[PDB]
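Participant: Have a look at the structure that comes next, please.
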Amino acid sequence: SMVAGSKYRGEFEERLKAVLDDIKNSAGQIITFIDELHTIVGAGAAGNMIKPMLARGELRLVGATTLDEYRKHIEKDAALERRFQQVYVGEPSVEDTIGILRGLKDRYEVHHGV
Amino acid sequence: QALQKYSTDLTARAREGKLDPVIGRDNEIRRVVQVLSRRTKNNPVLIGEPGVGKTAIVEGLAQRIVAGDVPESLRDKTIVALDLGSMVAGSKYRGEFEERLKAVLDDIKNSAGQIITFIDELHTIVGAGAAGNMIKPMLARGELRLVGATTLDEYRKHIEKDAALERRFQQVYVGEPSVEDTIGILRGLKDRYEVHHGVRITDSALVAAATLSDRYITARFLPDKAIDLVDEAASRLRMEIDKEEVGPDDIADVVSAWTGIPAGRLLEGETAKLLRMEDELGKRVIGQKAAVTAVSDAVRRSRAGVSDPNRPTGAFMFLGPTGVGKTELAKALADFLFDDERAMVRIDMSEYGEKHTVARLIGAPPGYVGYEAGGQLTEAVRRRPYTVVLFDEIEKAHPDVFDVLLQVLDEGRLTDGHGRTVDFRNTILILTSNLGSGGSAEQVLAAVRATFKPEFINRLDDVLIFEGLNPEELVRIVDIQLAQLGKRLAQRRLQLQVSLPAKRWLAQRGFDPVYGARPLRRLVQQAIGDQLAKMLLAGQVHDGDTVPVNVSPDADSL
Amino acid sequence: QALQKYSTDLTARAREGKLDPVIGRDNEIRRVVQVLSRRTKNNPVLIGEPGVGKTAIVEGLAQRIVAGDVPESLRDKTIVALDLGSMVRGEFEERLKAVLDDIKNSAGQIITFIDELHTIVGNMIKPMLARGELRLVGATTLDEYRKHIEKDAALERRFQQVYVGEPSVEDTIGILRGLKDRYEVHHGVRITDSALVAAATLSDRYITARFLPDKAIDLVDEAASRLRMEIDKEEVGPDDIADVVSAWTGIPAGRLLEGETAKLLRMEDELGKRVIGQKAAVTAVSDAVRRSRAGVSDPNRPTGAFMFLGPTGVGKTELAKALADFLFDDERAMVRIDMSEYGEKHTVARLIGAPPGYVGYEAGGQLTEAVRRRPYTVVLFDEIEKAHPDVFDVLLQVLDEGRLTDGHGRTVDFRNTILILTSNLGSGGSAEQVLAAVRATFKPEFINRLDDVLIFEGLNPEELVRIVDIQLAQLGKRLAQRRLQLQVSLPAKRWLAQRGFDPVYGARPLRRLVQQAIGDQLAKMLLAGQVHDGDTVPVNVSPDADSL
Amino acid sequence: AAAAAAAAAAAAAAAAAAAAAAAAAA
Ligand SMILES: Nc1ncnc2c1ncn2[C@@H]1O[C@H](COP(=O)(O)OP(=O)(O)OP(O)(O)=S)[C@@H](O)[C@H]1O
Ligand SMILES: Nc1ncnc2c1ncn2[C@@H]1O[C@H](COP(=O)(O)OP(=O)(O)OP(O)(O)=S)[C@@H](O)[C@H]1O
Ligand SMILES: Nc1ncnc2c1ncn2[C@@H]1O[C@H](COP(=O)(O)OP(=O)(O)O)[C@@H](O)[C@H]1O
Ligand SMILES: Nc1ncnc2c1ncn2[C@@H]1O[C@H](COP(=O)(O)OP(=O)(O)O)[C@@H](O)[C@H]1O
């Protein structure tokens, strides 16, 4: 949504600066969730004015990618990679799948009357 | 007033008791001053590898200027960093950014020496104009100072495309510190993290963190990789009060949740697991005493922290005749180290029969067809550095695979065409083989020595030789196969009642002593599963009602 | 005139005085000027090792021009140094076209200089280069000259290959004392006279990746670099050379000089630090290997052809590793081949190679392709007595000439190796019937060409303790992670001697035996409990085993 | 007043090939 009609010399960066201002003037509250953050690499033609906001502990930024899309973009960008953690989520078992499937049953009985 | 808005002040922020204590690393502040206190080509740049500290040099320069402990032509100067992300923002009427940055440079011309420009990440001035050639004559007039800080490779990938820029530059290398300097930096930082998180830190837990995090993860450098364990331990101890201080237990428990190496402490549930392990491993591999004991001891040594951390934990090979359990045993140790039969890397080198197949386990050279993809053996261990790795039929691999497999051993790390190194410091390399099958131990080891490289055996652990099989051993294998065939029939709730003369009749038949245990598996389903499978789809074997087996001269009726 | 802000110039700078001393090398200049004045081919390339001073050759040519010694048909040329970093697509050829157009806008003496042009050579230059309005002086490297210029060529028939070579020691001394009056400026000391030749002589031996003209610049300029600390003694010295070269290669400063008597008289009891036992054998080897270093025999024979046989499990190959790491300074420089398969006619050809077209060719010879690289190796020959009598003709000219032919056709030189021919027969006869069996097994002519047939023996029951002491020394170094110590007890240390001999193998169970009982029992201890850091770990004997 | 007008590009990446070098088996 940020890149939509921003076809002038400085419109994307001032939109991003307005967003970062409305994050910064709050105290410690807003937790940004950016899904598929391999998109944050390019998007300029800019897109580099996030490093001082990240490397002060001011932005909170929970975000999830896949496995290979990480090393195709972010491992290519070894300066950005330091200001992150890695929480490796692995596959569950078959018994834990059975334990999950007893929880999602009510929604599928609501949507289809079976 | 041309820069009052587009660049906030930096020294006044340090004057208001804010930035980090910077005790340590005194030398290159004096070296950057010695570069800076010249008449022309002052203009330095701080260049190293990412993470070894280049914020701390400028922060320490600010602290020494605020403290007034500087030489003569450095007193009461104001360093100012300009942001190229708010200056470019509102500029669309065909000329605005040009004359805007021109007026900023004109206001930089006003003060002499007192203004010092520190442009963070100075490869934004090469581009991001529509730039560069408007500040370029202004650099070599002694007006602006232009201190900066870049990555090592980004300076020679983007910045050094024009030679006429390096006349206005001078490189300053910054190296990674030591372990003792890391101890000093951690004692210097040991006041900011106890006020922010109101808990106290034992000096034992301060000294254990940087000591213990050096065998483990090597992709981040060490002014700060020891800070992260301590801060996460403080956060976890704050969580646990929602034992009131941190300890060396907590560093080991956090780093064994991190990158996920289960070389943690001695939790008391697995003590009886590791002690009583020969029988727990003997729940699926029955037989082979002296091999199970050796593998069990090689697992047990690395858990106690005795062997040298410059090798894999267990890197060994076992072979012998056919159908003995050499492929069965590797599936059995990962079935309790992981409780997952599929978390191991099982590759088969019976396909690498040419010189150019090495690239499928190391990854392609950069930018040919498949540098997007990456390797197969390399990229699966780098994410989770604990998996056990098989190698099935090491015979038929071309002996150029062994040249790549060599530096895996005896160093720990393996290079690749991506440009990286992956360190196999606590995996388990299990090599299988079927050489010879024609001697007891002389001829088969003679054939092994005639097949490998001469020092490739000494780098290995105990090369094991398997037994044959025995008629006494063969009863419990029939017990295992009957239990498996019973548990396969548990969905449709059938079961069997096997008589002891039939259970030994399965042991009398099928004793060809060259084919191993594999003919008995076929013989059971030639006896039982065919007759039952014919009856089951013909009615009359309705579910729940079990069937017994009875002896009849060469078949067995049901 | 518009490119000089984007390019450089070493003709107007050649009248400043920024140019180096041009001491030595006054024939390659004549070769380059002879190449440069021709009708075709007038674009020389200087081919040689990197880091020698081809740039200094072109600076000396410009320094010869600015005073004038070349003939009048090449009077008052202008030479331009090219910025080879100024383009690294979108710039690798884009600014290059404007540079070549400004060269086209000369019709004159704007003779170029491109350094390391094998990374810049594709065919855009050739119609402009073969038209004749520019002279392309270049400098390359030898190995990439067989890679880049011969497949991507398109004009390789328009170069001359001027070979610049390595300097001698004395020419390096002359250049280095020519470049001695420059370093009163960046550094300030009183330059020691003999330190120049001392630094060059000590840099001659062990530095390999760097080359002799600037290998003596990685010296003294560095020797006064760390002497900046003493003004935070105004003469440099040989120790000022020694603490740089010793603390860079990680080698202790014992053999700072004298590689012909020091560590030739050290061939002594330091063998006993590695080889326990066999006193007279060490004495005989220490005598025999220094007869070759006097230069009395012929120059083309192996340095020592001495061979010995006796029991197994003694030190018979532990002596072999003990002289590779000392005399050749390399831990892994031994070659242990086994002649336990060579009973047939189709087995000898494995140790020399196959012809070009047959089965074992890429692997080469079993012997020769491990001697072609690293020809500073000790070579063993295990179990010679079962070999078919078609090895000894191959093995004979090894110890009769210093040459042998491989599967390819190349030549190997054996004049600086050591042959050792071991066996295991004997060991029950004292001296007489064993040498009789040697004379009966081999030809009598085969023993005249060999050196001493020195004889090993068993081991003393008390001296066998110190081997177990060294094994326990290697034991305790690994468990420094728990920072433990192990107090061994001499009754158990006697007990391991009887159960670690087994007179069919010698003394080889010990690498397994010191692991098994001790390490496994203490591993169960450390993982269970009842032992912590700082523990002395007392060991004793409980009636049959060794309890803790 | 000035617009940016982003542009396209074309990327090349070729492929190696191996020869098999038979052996006369004697
Ligand atoms: N001598 C030191 N004493 C204390 N902290 C230090 C020291 N050196 C570095 N640091 C810390 O290291 C960090 C500064 O390193 P960085 O400048 O971030 O490295 P970097 O490669 O420049 O990454 P960027 O570009 O700044 S995001 C801060 O967290 C400092 O507290
Ligand atoms: N000690 C044993 N306990 C239980 N089952 C065994 C034992 N030994 C062999 N088997 C059975 O025999 C089969 C042998 O499988 P593998 O280990 O793949 O054969 P192998 O011994 O590796 O022979 P090759 O040469 O590698 S195909 C397994 O499927 C087991 O069920
Ligand atoms: N005749 C010489 N006079 C002065 N310096 C020389 C001479 N020959 C070599 N050098 C030294 O070698 C350097 C030049 O070597 P160069 O030709 O650039 O080698 P490369 O091209 O491989 O880098 C100079 O710094 C200089 O000190
Ligand atoms: N003097 C000695 N010094 C060190 N180790 C010795 C000595 N004598 C016997 N050994 C032991 O014997 C082993 C060497 O045996 P080796 O010489 O290889 O036997 P072989 O005669 O079969 O080659 C070593 O592992 C070492 O522990």
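Here, A, B, ... name the chains of the structure tokens in the order displayed, residue numbers run from 1 inside each chain, and ligands are numbered from 1 in the same displayed order.
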Enumerate as a PDB file with C-alpha atoms, in the first residue's frame the residues within 8 Å of ligand 3, counting only C-alpha atoms and all ligand atoms.
Facilitator:
ATOM      1  CA  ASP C  20      62.412   5.979  -7.313  1.00  0.00           C
ATOM      2  CA  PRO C  21      66.081   4.999  -7.618  1.00  0.00           C
ATOM      3  CA  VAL C  22      66.662   3.078 -10.840  1.00  0.00           C
ATOM      4  CA  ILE C  23      69.537   1.021  -9.409  1.00  0.00           C
ATOM      5  CA  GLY C  24      70.197  -2.035 -11.542  1.00  0.00           C
ATOM      6  CA  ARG C  25      68.267  -3.550 -14.455  1.00  0.00           C
ATOM      7  CA  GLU C  49      56.084 -12.776 -11.353  1.00  0.00           C
ATOM      8  CA  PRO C  50      54.070 -10.111  -9.500  1.00  0.00           C
ATOM      9  CA  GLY C  51      55.615  -7.784  -6.970  1.00  0.00           C
ATOM     10  CA  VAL C  52      58.985  -7.398  -8.709  1.00  0.00           C
ATOM     11  CA  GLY C  53      58.856  -3.876 -10.112  1.00  0.00           C
ATOM     12  CA  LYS C  54      57.583  -3.743 -13.688  1.00  0.00           C
ATOM     13  CA  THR C  55      56.096  -0.393 -12.661  1.00  0.00           C
ATOM     14  CA  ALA C  56      59.627   0.608 -11.649  1.00  0.00           C
ATOM     15  CA  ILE C  57      60.801  -0.461 -15.122  1.00  0.00           C
ATOM     16  CA  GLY C  60      62.908   4.151 -15.173  1.00  0.00           C
ATOM     17  CA  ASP C 115      48.701  -2.750 -15.724  1.00  0.00           C
ATOM     18  CA  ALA C 139      52.363  -5.559 -17.594  1.00  0.00           C
ATOM     19  CA  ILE C 175      68.611  -1.997  -4.906  1.00  0.00           C
ATOM     20  CA  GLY C 178      69.679   2.334  -3.050  1.00  0.00           C
ATOM     21  CA  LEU C 179      66.277   2.433  -1.339  1.00  0.00           C
ATOM     22  CA  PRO C 213      62.371  -7.230  -4.419  1.00  0.00           C
ATOM     23  CA  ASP C 214      59.549  -6.301  -2.008  1.00  0.00           C
ATOM     24  CA  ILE C 217      60.239  -4.256   1.942  1.00  0.00           C
TER      25      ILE C 217
END
Participant: Do you know which residues are within 10 Å of ligand 4 using only C-alpha atoms and all ligand atoms? Can you write them as a PyMOL selection string?
Facilitator: chain C and resi 272-278+309-322+382+422-424+458-459+463-464+466-471+500-501+504-512
Participant: Give the residues of chain A that lie within 9 Å of chain B; count only C-alpha atoms, and format the answer as an MDAnalysis selection string.
Facilitator: chainID A and resid 8:15 17 46 48:49 68 71:72 78:79 82 86:88 93
Participant: DSSP on the backbone: which residues in chain A end up as alpha helix (DSSP H)? Give the answer as a ChimeraX atom specification.
Facilitator: /A:11-24,51-54,68-73,94-101,105-111
Participant: How would the residues just chosen look if you wrote them out with N, CA and C atoms as a CSV table (one decimal), in the first residue's frame?
Facilitator:
chain,number,residue,atom,x,y,z
A,11,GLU,N,8.0,10.9,-2.9
A,11,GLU,CA,6.7,10.6,-2.2
A,11,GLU,C,6.8,9.4,-1.3
A,12,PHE,N,7.5,8.3,-1.8
A,12,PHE,CA,7.6,7.1,-1.0
A,12,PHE,C,8.3,7.3,0.3
A,13,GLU,N,9.4,8.0,0.2
A,13,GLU,CA,10.2,8.3,1.4
A,13,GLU,C,9.6,9.2,2.4
A,14,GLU,N,8.7,10.1,1.9
A,14,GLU,CA,8.0,11.0,2.9
A,14,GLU,C,6.8,10.2,3.5
A,15,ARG,N,6.2,9.3,2.8
A,15,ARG,CA,5.2,8.4,3.4
A,15,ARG,C,5.8,7.5,4.4
A,16,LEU,N,7.0,6.9,4.1
A,16,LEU,CA,7.7,6.1,5.1
A,16,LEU,C,8.1,6.9,6.3
A,17,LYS,N,8.6,8.1,6.1
A,17,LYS,CA,9.0,9.0,7.2
A,17,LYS,C,7.8,9.4,8.1
A,18,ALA,N,6.6,9.6,7.5
A,18,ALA,CA,5.4,9.8,8.3
A,18,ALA,C,5.0,8.6,9.1
A,19,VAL,N,5.2,7.4,8.5
A,19,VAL,CA,4.9,6.2,9.3
A,19,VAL,C,5.9,6.0,10.4
A,20,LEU,N,7.1,6.2,10.2
A,20,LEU,CA,8.1,6.1,11.3
A,20,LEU,C,8.0,7.2,12.3
A,21,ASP,N,7.5,8.4,11.9
A,21,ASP,CA,7.2,9.4,12.9
A,21,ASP,C,6.0,9.0,13.8
A,22,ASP,N,5.0,8.4,13.2
A,22,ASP,CA,3.8,8.0,14.1
A,22,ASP,C,4.2,6.7,14.9
A,23,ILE,N,5.2,6.0,14.5
A,23,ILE,CA,5.7,5.0,15.4
A,23,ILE,C,6.6,5.6,16.5
A,24,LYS,N,7.4,6.6,16.2
A,24,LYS,CA,8.4,7.1,17.2
A,24,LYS,C,7.7,7.9,18.2
A,51,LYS,N,17.7,1.2,9.0
A,51,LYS,CA,18.8,0.8,9.8
A,51,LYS,C,19.0,1.7,11.1
A,52,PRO,N,18.9,3.1,11.0
A,52,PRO,CA,19.0,3.8,12.3
A,52,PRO,C,17.8,3.6,13.2
A,53,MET,N,16.6,3.3,12.6
A,53,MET,CA,15.5,3.0,13.5
A,53,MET,C,15.6,1.6,14.1
A,54,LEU,N,16.2,0.6,13.4
A,54,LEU,CA,16.4,-0.7,13.9
A,54,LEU,C,17.5,-0.7,14.9
A,68,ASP,N,14.2,-20.5,2.3
A,68,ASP,CA,15.0,-20.2,1.2
A,68,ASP,C,14.9,-18.7,0.7
A,69,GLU,N,13.8,-18.1,0.9
A,69,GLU,CA,13.6,-16.7,0.6
A,69,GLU,C,14.4,-15.8,1.6
A,70,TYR,N,14.8,-16.4,2.8
A,70,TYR,CA,15.7,-15.7,3.7
A,70,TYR,C,17.1,-15.6,3.1
A,71,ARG,N,17.7,-16.8,2.7
A,71,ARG,CA,19.0,-16.8,2.2
A,71,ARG,C,19.2,-16.2,0.8
A,72,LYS,N,18.1,-16.1,0.0
A,72,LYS,CA,18.2,-15.5,-1.3
A,72,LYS,C,18.3,-14.0,-1.2
A,73,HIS,N,17.7,-13.4,-0.2
A,73,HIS,CA,17.7,-11.9,-0.1
A,73,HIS,C,18.5,-11.4,1.1
A,94,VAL,N,3.1,-36.4,14.4
A,94,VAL,CA,1.8,-36.8,14.0
A,94,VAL,C,0.9,-36.8,15.2
A,95,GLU,N,1.4,-37.1,16.4
A,95,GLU,CA,0.5,-37.1,17.6
A,95,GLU,C,0.2,-35.6,17.9
A,96,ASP,N,1.1,-34.7,17.7
A,96,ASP,CA,0.7,-33.3,17.9
A,96,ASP,C,-0.2,-32.8,16.9
A,97,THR,N,-0.2,-33.3,15.7
A,97,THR,CA,-1.2,-33.1,14.6
A,97,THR,C,-2.5,-33.5,15.1
A,98,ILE,N,-2.6,-34.7,15.7
A,98,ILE,CA,-3.9,-35.2,16.2
A,98,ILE,C,-4.4,-34.3,17.4
A,99,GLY,N,-3.5,-33.8,18.2
A,99,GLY,CA,-3.8,-32.9,19.3
A,99,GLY,C,-4.3,-31.6,18.7
A,100,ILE,N,-3.8,-31.1,17.6
A,100,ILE,CA,-4.3,-29.9,17.0
A,100,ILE,C,-5.7,-30.1,16.4
A,101,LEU,N,-5.9,-31.2,15.7
A,101,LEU,CA,-7.1,-31.4,14.9
A,101,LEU,C,-8.4,-31.6,15.8
A,105,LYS,N,-12.1,-28.4,15.0
A,105,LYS,CA,-13.2,-29.1,14.5
A,105,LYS,C,-14.5,-28.3,14.6
A,106,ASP,N,-14.6,-27.5,15.6
A,106,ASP,CA,-15.9,-26.7,15.8
A,106,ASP,C,-16.1,-25.7,14.6
A,107,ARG,N,-15.0,-25.1,14.1
A,107,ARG,CA,-15.2,-24.2,13.0
A,107,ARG,C,-15.6,-24.8,11.8
A,108,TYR,N,-15.1,-26.0,11.5
A,108,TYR,CA,-15.5,-26.8,10.3
A,108,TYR,C,-16.9,-27.4,10.5
A,109,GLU,N,-17.4,-27.6,11.7
A,109,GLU,CA,-18.8,-28.0,11.9
A,109,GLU,C,-19.7,-26.8,11.8
A,110,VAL,N,-19.2,-25.6,12.1
A,110,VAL,CA,-20.1,-24.4,11.9
A,110,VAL,C,-20.2,-24.0,10.5
A,111,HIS,N,-19.1,-24.0,9.7
A,111,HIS,CA,-19.1,-23.5,8.4
A,111,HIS,C,-19.9,-24.4,7.4
Participant: Return as a ChimeraX atom specification the residues of protein, DNA or RNA that approach ligand 1 to within 9 Å, with only C-alpha atoms and all ligand atoms taken into account.
Facilitator: /A:51-52,54-55,79-80,82-83 /B:20-26,46-60,120-121,149-151,177,181-182,184-186,188-189,222-224,227
Participant: As a list in words, please: the residues near range 516-527 of chain C (cut-off 8 Å, only C-alpha atoms, same-chain neighbours under 3 positions excluded).
Facilitator: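 Everything that qualifies: residues 266, 271, 275, 297, 300, 301, 303 and 304 of chain B; 512, 513, 530, 531 and 532 of chain C.
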Participant: So which residues touch range 310-327 of chain B within 7 Å, counting only C-alpha atoms, skipping near sequence neighbours fewer than 6 positions away, as a ChimeraX atom specification?
Facilitator: /B:298,302,409-412,424-435,437,460-466,515-518
Participant: Can those selected residues be exported to a file as a tab-separated table (two decimals), in the first residue's frame so that it contains N, CA and C atoms?
Facilitator:
chain	number	residue	atom	x	y	z
B	298	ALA	N	31.18	-43.67	22.47
B	298	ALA	CA	31.52	-42.48	21.69
B	298	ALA	C	30.44	-41.42	21.77
B	302	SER	N	31.21	-37.36	24.41
B	302	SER	CA	30.99	-35.98	23.98
B	302	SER	C	29.97	-35.26	24.85
B	409	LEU	N	36.71	-33.74	7.99
B	409	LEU	CA	37.49	-34.28	9.08
B	409	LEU	C	38.68	-33.37	9.36
B	410	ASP	N	39.21	-33.48	10.58
B	410	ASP	CA	40.51	-32.96	11.01
B	410	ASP	C	40.59	-31.43	11.06
B	411	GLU	N	39.58	-30.73	10.54
B	411	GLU	CA	39.42	-29.30	10.76
B	411	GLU	C	38.08	-28.97	11.41
B	412	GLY	N	36.99	-29.52	10.88
B	412	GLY	CA	35.67	-29.20	11.37
B	412	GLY	C	34.83	-28.47	10.35
B	424	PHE	N	31.25	-28.64	11.24
B	424	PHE	CA	30.57	-29.87	11.66
B	424	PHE	C	31.11	-30.35	13.00
B	425	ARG	N	31.06	-29.48	14.00
B	425	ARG	CA	31.83	-29.75	15.20
B	425	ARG	C	31.15	-30.72	16.16
B	426	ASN	N	29.85	-30.96	16.01
B	426	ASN	CA	29.20	-31.91	16.91
B	426	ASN	C	28.16	-32.76	16.19
B	427	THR	N	28.36	-33.04	14.91
B	427	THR	CA	27.51	-33.98	14.21
B	427	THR	C	28.04	-35.39	14.44
B	428	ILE	N	27.44	-36.38	13.78
B	428	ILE	CA	27.89	-37.76	13.87
B	428	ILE	C	27.94	-38.30	12.45
B	429	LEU	N	29.14	-38.43	11.91
B	429	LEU	CA	29.31	-38.99	10.58
B	429	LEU	C	29.39	-40.50	10.70
B	430	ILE	N	28.42	-41.20	10.11
B	430	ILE	CA	28.40	-42.65	10.11
B	430	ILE	C	28.59	-43.12	8.67
B	431	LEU	N	29.67	-43.84	8.43
B	431	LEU	CA	29.98	-44.37	7.11
B	431	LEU	C	29.65	-45.86	7.08
B	432	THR	N	28.94	-46.29	6.04
B	432	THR	CA	28.66	-47.71	5.88
B	432	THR	C	29.35	-48.22	4.63
B	433	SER	N	29.48	-49.54	4.53
B	433	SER	CA	30.27	-50.18	3.49
B	433	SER	C	29.88	-51.64	3.41
B	434	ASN	N	30.29	-52.29	2.31
B	434	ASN	CA	30.12	-53.73	2.14
B	434	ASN	C	31.33	-54.35	1.47
B	435	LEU	N	32.54	-53.96	1.89
B	435	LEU	CA	33.74	-54.40	1.19
B	435	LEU	C	34.06	-55.86	1.47
B	437	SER	N	33.54	-59.10	1.94
B	437	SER	CA	32.69	-60.23	2.36
B	437	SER	C	33.35	-61.58	2.05
B	460	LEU	N	39.83	-41.35	11.31
B	460	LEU	CA	38.58	-41.94	11.75
B	460	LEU	C	38.69	-42.47	13.17
B	461	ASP	N	37.53	-42.78	13.73
B	461	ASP	CA	37.43	-43.51	14.99
B	461	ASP	C	37.49	-45.00	14.70
B	462	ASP	N	37.04	-45.82	15.65
B	462	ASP	CA	37.20	-47.27	15.59
B	462	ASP	C	36.41	-47.85	14.42
B	463	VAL	N	37.14	-48.35	13.42
B	463	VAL	CA	36.52	-49.03	12.29
B	463	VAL	C	36.04	-50.40	12.76
B	464	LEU	N	34.73	-50.60	12.74
B	464	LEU	CA	34.12	-51.76	13.36
B	464	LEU	C	33.83	-52.84	12.33
B	465	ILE	N	33.95	-54.09	12.76
B	465	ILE	CA	33.66	-55.26	11.94
B	465	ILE	C	32.53	-56.02	12.60
B	466	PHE	N	31.54	-56.42	11.81
B	466	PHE	CA	30.35	-57.05	12.37
B	466	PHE	C	30.49	-58.57	12.41
B	515	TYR	N	23.13	-64.70	3.36
B	515	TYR	CA	22.17	-63.67	3.00
B	515	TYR	C	21.68	-62.84	4.18
B	516	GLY	N	22.16	-63.11	5.39
B	516	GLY	CA	21.77	-62.30	6.53
B	516	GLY	C	20.35	-62.58	7.00
B	517	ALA	N	19.74	-61.57	7.62
B	517	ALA	CA	18.43	-61.70	8.23
B	517	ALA	C	17.28	-61.41	7.27
B	518	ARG	N	17.55	-60.82	6.12
B	518	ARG	CA	16.55	-60.47	5.12
B	518	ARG	C	15.74	-61.60	4.48
Participant: I need the contact residues of chain D against chain C, so if you could list those with any atom within 12 Å, counting only C-alpha atoms, and return them as a list in words, that would help.
Facilitator: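 Filtering chain D at 12 Å from chain C with only C-alpha atoms gives residues 9, 10, 11, 12, 21, 22, 23, 24, 25 and 26 of chain D.
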Participant: Within 9 Å of chain B, which residues of chain C come that close, and what is the closest atom pair and distance in Å for each? Count only C-alpha atoms and give it as CSV.
Facilitator:
residue,atom,partner,partner_atom,distance
C:5,CA,B:164,CA,7.7
C:6,CA,B:164,CA,6.5
C:7,CA,B:163,CA,8.5
C:83,CA,B:163,CA,7.1
C:84,CA,B:163,CA,8.7
C:85,CA,B:163,CA,6.3
C:86,CA,B:163,CA,4.7
C:87,CA,B:161,CA,5.8
C:88,CA,B:161,CA,5.1
C:91,CA,B:161,CA,8.2
C:335,CA,B:454,CA,9.0
C:336,CA,B:454,CA,7.9
C:337,CA,B:454,CA,8.6
C:478,CA,B:308,CA,5.8
C:479,CA,B:306,CA,5.0
C:480,CA,B:306,CA,7.9
C:481,CA,B:306,CA,6.7
C:482,CA,B:305,CA,7.3
C:519,CA,B:301,CA,8.3
C:520,CA,B:297,CA,7.0
C:523,CA,B:301,CA,6.2
C:524,CA,B:275,CA,7.7
C:526,CA,B:304,CA,6.5
C:527,CA,B:304,CA,5.8
C:528,CA,B:271,CA,7.2
Participant: Between CA of residue 204 in chain C and CA of residue 245 in chain C, what is the distance in Å, rounded to a tenth?
Facilitator: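 So the two atoms, CA of residue 204 in chain C and CA of residue 245 in chain C, lie 11.4 Å apart.
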Participant: Would you list which chain D residues are within 7 Å of chain B using only C-alpha atoms, as an NGL selection string?
Facilitator: :D and (1-2 or 13-15)
Participant: Selected residues, N, CA, C and O atoms, written as a compact mmCIF listing (two decimals), in the first residue's frame, please.
Facilitator:
# COMPACT_ATOMS: atom_id res chain seq x y z
N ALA D 1 7.12 17.74 -10.07
CA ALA D 1 7.14 18.12 -11.48
C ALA D 1 7.90 17.10 -12.31
O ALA D 1 7.66 16.96 -13.51
N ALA D 2 8.83 16.38 -11.68
CA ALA D 2 9.64 15.38 -12.35
C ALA D 2 9.24 13.99 -11.88
O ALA D 2 9.15 13.75 -10.68
N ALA D 13 23.31 -15.70 -17.73
CA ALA D 13 24.03 -16.68 -16.91
C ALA D 13 24.13 -17.97 -17.70
O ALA D 13 23.12 -18.65 -17.90
N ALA D 14 25.34 -18.32 -18.15
CA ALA D 14 25.55 -19.44 -19.05
C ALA D 14 25.81 -20.73 -18.26
O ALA D 14 25.71 -20.76 -17.04
N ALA D 15 26.17 -21.80 -18.97
CA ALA D 15 26.27 -23.12 -18.37
C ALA D 15 27.50 -23.85 -18.88
O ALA D 15 27.77 -23.84 -20.08
Participant: Between CA of residue 333 in chain C and CA of residue 377 in chain C, measure the distance and give it in Å to one decimal.
Facilitator: 4.9 Å
